[PDB]
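Let me begin by presenting the structure, written as structure tokens, before commenting on it.
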Amino acid sequence: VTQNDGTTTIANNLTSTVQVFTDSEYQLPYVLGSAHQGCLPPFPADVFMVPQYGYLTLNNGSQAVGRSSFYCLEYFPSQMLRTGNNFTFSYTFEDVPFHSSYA
Amino acid sequence: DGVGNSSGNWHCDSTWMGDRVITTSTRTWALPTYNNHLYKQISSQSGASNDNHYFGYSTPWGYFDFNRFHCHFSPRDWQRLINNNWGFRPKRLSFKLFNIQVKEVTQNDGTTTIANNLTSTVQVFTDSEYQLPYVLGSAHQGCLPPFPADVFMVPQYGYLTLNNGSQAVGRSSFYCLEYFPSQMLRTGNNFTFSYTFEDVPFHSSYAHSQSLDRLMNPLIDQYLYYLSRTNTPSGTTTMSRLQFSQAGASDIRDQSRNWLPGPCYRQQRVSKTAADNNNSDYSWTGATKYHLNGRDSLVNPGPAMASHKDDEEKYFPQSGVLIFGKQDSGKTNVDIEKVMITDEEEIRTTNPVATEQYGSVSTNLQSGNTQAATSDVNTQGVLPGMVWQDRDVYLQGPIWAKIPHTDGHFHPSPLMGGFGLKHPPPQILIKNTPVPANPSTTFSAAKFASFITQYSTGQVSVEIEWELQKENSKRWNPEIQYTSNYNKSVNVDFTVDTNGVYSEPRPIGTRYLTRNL
Amino acid sequence: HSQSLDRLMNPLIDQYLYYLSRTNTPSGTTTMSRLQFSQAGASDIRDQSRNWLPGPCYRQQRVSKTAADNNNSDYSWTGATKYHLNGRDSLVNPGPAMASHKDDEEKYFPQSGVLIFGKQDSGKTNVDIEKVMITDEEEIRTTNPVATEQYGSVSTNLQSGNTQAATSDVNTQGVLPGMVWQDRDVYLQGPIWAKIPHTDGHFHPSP
Amino acid sequence: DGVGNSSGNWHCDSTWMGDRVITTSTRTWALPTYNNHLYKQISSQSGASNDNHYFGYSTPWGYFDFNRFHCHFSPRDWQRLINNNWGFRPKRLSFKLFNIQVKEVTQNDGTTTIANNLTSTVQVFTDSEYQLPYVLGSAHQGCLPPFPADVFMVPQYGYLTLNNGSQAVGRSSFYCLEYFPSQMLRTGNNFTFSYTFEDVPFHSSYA
């Protein structure tokens, strides 16, 4: 996006890249456990914004205890994708008891 | 292959296989155009001091330097290597440049707009024959940033040659880089090269548990006598008849010792407490210096010598310690609380204190009428039977340096720190190919003075394979380790602040584990 | 060499290592002493941290080819450099490889420390200067000390509020770790080889 | 092949194998449009001197001339060849054009902006049958620059024929270059040709 005293114009950038990684070793704070917004919308016609990623650690008051560990995500291997690349991964669930829908 | 298909994947990882650790790091760089695509000689302005004259050329090219450690090791990966291992040396590295994109900037009375230029090229070459001035040996800025989220500018490449005053001696040779074979890269090409290190002794991360002065069993006394009392009282006339005594635990200072301390160059001593140091301008006139070809040159690193003796943490050698700045430290006349002064007390066992003299030496021959006289020896070169420890690498300090090609050299390990190599990792130079702009219709022989204004950017991937020396010891009691303190503080150490500025709190030396001497 | 030890780095970018720039700072004209640091760059190169040092040197006396300048005294021996073992003073003719002179002096040369050859039909004793051919070793001037000038200065005493910092020139410097040097040149007339004496130990066997 | 893949690598090197030396040189050129894409005859203005009348055509085409030495030899490579050798002659050459990019300039009351034109082409041909006026024989400007960092403009191509005064004699023949077969090159094509020299006596560098 280019802004010049208003009238900003969007022009596709072919060369730029988008980098994606799935941890799969569970070495990151797991944010997904709690209910939050920004999931895929219910109704497929919608278009959704991808939510930001942050995390909390141990603390005393507002100050940080030496225990708190700060993770840098840039430090994992991640696949980089220009226009015309696709990133696909497959996951298999451990066996878990049925959910009981009966009353 | 193509504009749409991406050339390489981001690899930043550290894997600890067993003996060997493989450290990979990837960064994003941006390369401007230097000197408007033309060489220029540079020289000392007018005149300043006889010592500061220099002559050299400044090329449009620019180069990558990963020579610092913290490029490769995260502070945590540094902590593992440092605590669990005696020694480590590199084995082989591989370098990769990918996802290059060239951008052309247009300026029209402000509101400049950047629009990608697909056709333009970026040319890269690694010498590997060492036919260029090797710039990488000395500490400099512009290395890969410590923290992978950062984006760094690729530094310009220039070099210095022989000179008399500001003028150039016929000996000086000017190298044109355009004259090497170099690979040219459009968007969608990647340049990768692999280098293997010559075998080099391990870096010693251990500190000694004994000192040279105390290398013997205190329980049993030696079979070798020494002069104990030169004169013996008789009738109060103090007649001089020499006597001898065996050496033991009671009087250890006289025991015969097998080896001596490492060679030392004396330094001036300054203290961190501002009140104690003298009120005078001794920054230069009082400094230690060494001069060749009539130009005094300060000695910053000096030979590896302990910074201070015990029960003094205040004092440190004037010139002779590595000094690093904290976050956003100024570039000149900064106050003391801004810089981080490293401490080399770990070496205190085998090497002399930098401030105190090597020892005293007897000057004259005694006689009935003359008293025996001795004098301190400020400087001591190497003698047979001397042992010493090299200066520490730390985290920020350089990894290696190039031994100059010379007739002879003694103990090639560099003074700053790291691994002296005869064939260092070759320099990687990179430049934007110049693109002319709107040549006039009628012919003119004069060369183009005006080009498109453009720069290029893309990722760079450096991977080094380190070999380790596993720690095998029998010490009963626990060691010293590098531990981040558990007290609560505003900012965690080695982490970003609230504005996003990554800061390294203190210098981390590599010597914690203890081997007996 | 096309470079010198003192100038082995890129002038464009300044180093990340600080050094003491100004020991004391003016305040109320009382000159209170608080030390300050500065990074090193092209502007003040003489202070940049350098990786290696100059080759070991043995000091020589300096004589000049112009006959008027040299002192009117018999210093041919009493002023010469000497080294003695087993109580017999022995002149050092070759000396360690050290540059004969600094720049902008072609007049001076070390007293004992240069190879000297005779021209055709030169006498065998007390020959005049214009008869001998004095070799010049300025090529080495980069990595090795000048034979006449001292290796460097060294701080003698510890500073204090009441004592000024004092330093002293170091005339002789043995080898330290991290020193590099160049060997003396062969020339055309000089010898091809020599025999390393059989001994317990020897350092850098080049003659 | 494609817009993204680069056509050729920069080669500038000089290798001395033994008897033979192979000199390579690479430069960057820029080619404007001459005469707004149309032929024109040119002739001596009005009149000046009987000797200076000329008649000829000026084509839009432009040509490469590497005919000077210092294109190929760096001053140092020249010094080696010149000092150690009696004579030298060429054997075979190879010529390569790569990484062609066409740019279209737009002018709108100033602030002209250049934006790459991907579709446009550049057409090149080497005659090799010697059916054209040979311009290269005489010393002229516009050769490859001595120093590889430079960027040079490709010179225009024109030629002279027989004439009487400023007027043209029926004998004069006007060549249209468009009439040869020529390879056309978009971005991502490279044009290379190889030529072998007839045997010619050595140049004598001895005195």
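Identifiers in the structure tokens: chain A, B, ... in order shown; residue index from 1 per chain; ligand index from 1 in order shown.
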### Query
Which chain B residues are at most 9 Å from chain D (counting only C-alpha atoms), as number ranges by chain?
B: 1-4, 37-39, 106-109, 117-121, 123, 176-189, 433-448, 452
Export of the given selection (C-alpha atoms) as a compact mmCIF listing (two decimals), in the first residue's frame:
# COMPACT_ATOMS: atom_id res chain seq x y z
CA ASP B 1 12.47 -21.67 -10.88
CA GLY B 2 10.91 -18.31 -11.65
CA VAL B 3 9.74 -15.05 -10.17
CA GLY B 4 6.88 -16.82 -8.42
CA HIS B 37 28.74 3.18 -8.49
CA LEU B 38 32.30 4.49 -8.73
CA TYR B 39 35.60 3.99 -6.94
CA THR B 106 11.55 7.28 -7.76
CA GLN B 107 11.61 10.82 -6.45
CA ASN B 108 9.29 13.48 -7.85
CA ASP B 109 9.24 16.63 -5.73
CA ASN B 117 12.43 -3.83 -10.71
CA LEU B 118 12.27 -7.40 -11.94
CA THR B 119 15.00 -7.32 -14.57
CA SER B 120 17.88 -5.84 -12.59
CA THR B 121 20.65 -8.02 -11.21
CA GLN B 123 26.36 -9.73 -8.56
CA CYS B 176 39.62 -3.23 -8.86
CA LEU B 177 37.00 -5.72 -7.73
CA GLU B 178 35.18 -5.68 -11.05
CA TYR B 179 38.06 -7.76 -12.31
CA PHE B 180 37.12 -11.04 -10.63
CA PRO B 181 34.66 -13.61 -11.96
CA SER B 182 31.37 -13.16 -10.14
CA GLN B 183 27.94 -14.74 -10.35
CA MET B 184 25.05 -12.45 -11.28
CA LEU B 185 21.65 -13.02 -9.72
CA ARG B 186 18.22 -11.89 -10.81
CA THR B 187 15.16 -12.44 -8.66
CA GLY B 188 14.80 -16.18 -8.40
CA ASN B 189 18.46 -17.19 -8.20
CA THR B 433 24.70 -3.86 -11.14
CA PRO B 434 24.42 -0.23 -12.25
CA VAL B 435 21.54 0.60 -14.57
CA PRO B 436 21.94 3.69 -16.78
CA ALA B 437 19.16 6.25 -16.99
CA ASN B 438 17.92 7.90 -20.18
CA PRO B 439 21.04 8.27 -22.35
CA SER B 440 20.84 11.14 -24.79
CA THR B 441 20.22 10.42 -28.45
CA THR B 442 23.38 11.93 -29.92
CA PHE B 443 26.57 10.08 -29.10
CA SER B 444 28.95 11.23 -26.38
CA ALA B 445 32.14 9.52 -25.26
CA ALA B 446 32.05 10.66 -21.63
CA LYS B 447 30.85 7.98 -19.23
CA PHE B 448 27.42 8.00 -17.61
CA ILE B 452 18.60 4.74 -11.70
### Message
Only residues of chain A matter here; which ones have an atom within 6 Å of chain B, counting only C-alpha atoms? Give them as an NGL selection string.
### Response
:A and (63-66 or 74-80 or 82-84)
### Query
Hey, what's within 8 Å of region 68-80 of chain C if we count only C-alpha atoms and toss same-chain stuff fewer than 2 positions away? As a VMD selection string, please?
chain C and resid 60 to 61 63 to 64 66 82 91 111 to 112
Deliver the residues from the most recent selection as a file, using N, CA, C and O atoms, as a PDB file, in the first residue's frame.
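Everything below was put into part.pdb:
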ATOM      1  N   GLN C  60      69.777  -0.389  17.429  1.00  0.00           N
ATOM      2  CA  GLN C  60      71.043  -0.102  16.764  1.00  0.00           C
ATOM      3  C   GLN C  60      71.366   1.379  16.887  1.00  0.00           C
ATOM      4  O   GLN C  60      70.481   2.201  17.122  1.00  0.00           O
ATOM      5  N   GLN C  61      72.639   1.716  16.716  1.00  0.00           N
ATOM      6  CA  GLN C  61      73.032   3.114  16.610  1.00  0.00           C
ATOM      7  C   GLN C  61      72.876   3.598  15.172  1.00  0.00           C
ATOM      8  O   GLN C  61      73.041   2.835  14.221  1.00  0.00           O
ATOM      9  N   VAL C  63      73.883   6.013  12.028  1.00  0.00           N
ATOM     10  CA  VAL C  63      74.914   6.822  11.394  1.00  0.00           C
ATOM     11  C   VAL C  63      74.381   7.291  10.051  1.00  0.00           C
ATOM     12  O   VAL C  63      73.524   6.631   9.452  1.00  0.00           O
ATOM     13  N   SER C  64      74.891   8.420   9.578  1.00  0.00           N
ATOM     14  CA  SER C  64      74.400   9.009   8.347  1.00  0.00           C
ATOM     15  C   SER C  64      75.487   9.022   7.286  1.00  0.00           C
ATOM     16  O   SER C  64      76.672   9.144   7.596  1.00  0.00           O
ATOM     17  N   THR C  66      75.990  11.311   5.044  1.00  0.00           N
ATOM     18  CA  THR C  66      76.611  12.625   4.986  1.00  0.00           C
ATOM     19  C   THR C  66      77.611  12.764   6.122  1.00  0.00           C
ATOM     20  O   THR C  66      77.266  12.624   7.296  1.00  0.00           O
ATOM     21  N   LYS C  82      76.367  -4.746  21.140  1.00  0.00           N
ATOM     22  CA  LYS C  82      77.209  -5.898  21.407  1.00  0.00           C
ATOM     23  C   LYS C  82      76.389  -6.940  22.139  1.00  0.00           C
ATOM     24  O   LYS C  82      75.337  -6.638  22.703  1.00  0.00           O
ATOM     25  N   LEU C  91      80.526  -8.059  18.452  1.00  0.00           N
ATOM     26  CA  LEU C  91      79.654  -7.162  17.713  1.00  0.00           C
ATOM     27  C   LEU C  91      78.551  -7.948  17.027  1.00  0.00           C
ATOM     28  O   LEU C  91      78.718  -9.124  16.707  1.00  0.00           O
ATOM     29  N   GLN C 111      74.183   1.538  12.326  1.00  0.00           N
ATOM     30  CA  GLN C 111      75.635   1.401  12.391  1.00  0.00           C
ATOM     31  C   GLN C 111      76.074   0.014  11.965  1.00  0.00           C
ATOM     32  O   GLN C 111      76.645  -0.159  10.887  1.00  0.00           O
ATOM     33  N   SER C 112      75.823  -0.984  12.796  1.00  0.00           N
ATOM     34  CA  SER C 112      76.290  -2.328  12.511  1.00  0.00           C
ATOM     35  C   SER C 112      75.338  -3.160  11.670  1.00  0.00           C
ATOM     36  O   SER C 112      75.791  -4.098  11.013  1.00  0.00           O
TER      37      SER C 112
END
### Task
Within 8 Å of region 173-186 of chain D, counting only C-alpha atoms, which residues show up once you throw out same-chain ones fewer than 2 positions away? Write them as a VMD selection string, please.
chain D and resid 57 61 100 to 101 118 to 127 132 161 170 to 171 188 to 191
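Residue nearest residue 166 (chain C) within the list C:143, C:81, C:153, C:28: C:153 [criterion: smallest interatomic distance, only C-alpha atoms].
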### Task
Go ahead and compute the interatomic distance for CA of residue 45 (chain C) and CA of residue 52 (chain B), in Å to one decimal.
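We find that CA of residue 45 (chain C) and CA of residue 52 (chain B) lie 5.6 Å from each other.
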Tell me, counting only C-alpha atoms, for each residue of chain B within 6 Å of chain C, which pair of atoms is nearest and how far apart they are in Å to one decimal, in rows ordered by chain and increasing number, as a Markdown table.
| residue | atom | partner | partner_atom | distance |
| --- | --- | --- | --- | --- |
| B:51 | CA | C:46 | CA | 5.9 |
| B:52 | CA | C:45 | CA | 5.6 |
| B:135 | CA | C:9 | CA | 5.4 |
| B:139 | CA | C:15 | CA | 5.4 |
| B:140 | CA | C:15 | CA | 3.9 |
| B:141 | CA | C:15 | CA | 5.7 |
| B:158 | CA | C:10 | CA | 5.3 |
| B:159 | CA | C:10 | CA | 5.0 |
| B:161 | CA | C:3 | CA | 4.7 |
| B:162 | CA | C:3 | CA | 5.2 |
| B:172 | CA | C:2 | CA | 5.5 |
| B:267 | CA | C:155 | CA | 5.7 |
| B:268 | CA | C:155 | CA | 5.5 |
| B:274 | CA | C:34 | CA | 5.4 |
| B:277 | CA | C:160 | CA | 5.7 |
| B:278 | CA | C:161 | CA | 4.3 |
| B:279 | CA | C:33 | CA | 4.8 |
| B:281 | CA | C:23 | CA | 5.4 |
| B:283 | CA | C:23 | CA | 5.2 |
| B:286 | CA | C:165 | CA | 5.6 |
| B:288 | CA | C:154 | CA | 4.9 |
| B:289 | CA | C:153 | CA | 5.3 |
| B:290 | CA | C:152 | CA | 3.9 |
| B:291 | CA | C:152 | CA | 5.5 |
| B:292 | CA | C:145 | CA | 4.6 |
| B:293 | CA | C:102 | CA | 5.2 |
| B:297 | CA | C:46 | CA | 5.2 |
| B:298 | CA | C:47 | CA | 5.4 |
| B:300 | CA | C:49 | CA | 4.9 |
| B:323 | CA | C:18 | CA | 5.4 |
| B:324 | CA | C:17 | CA | 5.4 |
| B:331 | CA | C:39 | CA | 5.5 |
| B:332 | CA | C:38 | CA | 4.0 |
| B:333 | CA | C:37 | CA | 4.9 |
| B:334 | CA | C:37 | CA | 5.2 |
| B:335 | CA | C:36 | CA | 5.0 |
| B:381 | CA | C:174 | CA | 4.4 |
| B:382 | CA | C:175 | CA | 5.7 |
| B:407 | CA | C:182 | CA | 5.0 |
| B:408 | CA | C:181 | CA | 5.8 |
| B:409 | CA | C:180 | CA | 4.5 |
| B:410 | CA | C:177 | CA | 5.5 |
| B:411 | CA | C:177 | CA | 5.2 |
| B:412 | CA | C:178 | CA | 5.7 |
| B:414 | CA | C:51 | CA | 5.8 |
| B:415 | CA | C:51 | CA | 5.3 |
| B:416 | CA | C:51 | CA | 5.9 |
### Message
I need the strand (DSSP E) residues of region 16-199 of chain D per DSSP on the backbone, written as a VMD selection string.
### Response
chain D and resid 16 21 to 24 28 to 30 40 to 43 55 to 62 87 to 88 92 to 97 103 to 106 113 to 116 122 to 124 151 to 153 156 to 160 163 to 164 167 to 168 183 to 185 191 to 196
### Nearby residues (only C-alpha atoms) at most 9 Å from residue 56 (chain D), same-chain spacing under 3 positions excluded, as an MDAnalysis selection string
chainID D and resid 40:43 158:163 168 172 174
Residues as selected, N, CA and C atoms, written as a short mmCIF file (atom, residue, chain, number, x, y, z; two decimals), in the first residue's frame, can you do that?
data_model
loop_
_atom_site.label_atom_id
_atom_site.label_comp_id
_atom_site.auth_asym_id
_atom_site.auth_seq_id
_atom_site.Cartn_x
_atom_site.Cartn_y
_atom_site.Cartn_z
N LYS D 40 19.24 8.23 -42.54
CA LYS D 40 19.42 9.56 -43.09
C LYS D 40 20.74 9.61 -43.81
N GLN D 41 20.78 10.27 -44.96
CA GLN D 41 22.05 10.56 -45.60
C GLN D 41 22.61 11.80 -44.94
N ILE D 42 23.93 11.89 -44.91
CA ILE D 42 24.62 13.04 -44.35
C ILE D 42 25.69 13.46 -45.34
N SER D 43 25.99 14.75 -45.37
CA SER D 43 26.93 15.28 -46.33
C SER D 43 27.57 16.54 -45.79
N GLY D 158 27.47 4.53 -39.06
CA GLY D 158 27.27 5.17 -40.34
C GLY D 158 28.47 4.91 -41.22
N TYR D 159 28.36 5.29 -42.48
CA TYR D 159 29.44 4.99 -43.41
C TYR D 159 29.43 5.97 -44.56
N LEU D 160 30.56 6.04 -45.24
CA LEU D 160 30.78 6.98 -46.33
C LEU D 160 30.95 6.22 -47.63
N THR D 161 30.64 6.88 -48.74
CA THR D 161 30.78 6.24 -50.04
C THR D 161 31.45 7.19 -51.00
N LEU D 162 31.45 6.84 -52.28
CA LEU D 162 32.07 7.68 -53.29
C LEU D 162 31.25 8.94 -53.47
N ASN D 163 31.92 10.05 -53.76
CA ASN D 163 31.20 11.29 -53.95
C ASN D 163 31.97 12.27 -54.80
N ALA D 168 26.37 12.95 -54.79
CA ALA D 168 26.69 11.53 -54.78
C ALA D 168 26.80 10.98 -56.19
N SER D 172 27.94 5.14 -55.78
CA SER D 172 27.73 4.98 -54.36
C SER D 172 26.59 4.03 -54.12
N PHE D 174 24.09 2.31 -51.25
CA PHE D 174 23.56 2.50 -49.92
C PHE D 174 23.04 1.20 -49.37
#
### Task
May I ask for the distance between CA of residue 58 (chain B) and CA of residue 133 (chain B), given in Å to one decimal place?
12.1 Å
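Counting from CA of residue 294 (chain B), the distance to CA of residue 50 (chain B) is 8.5 Å.
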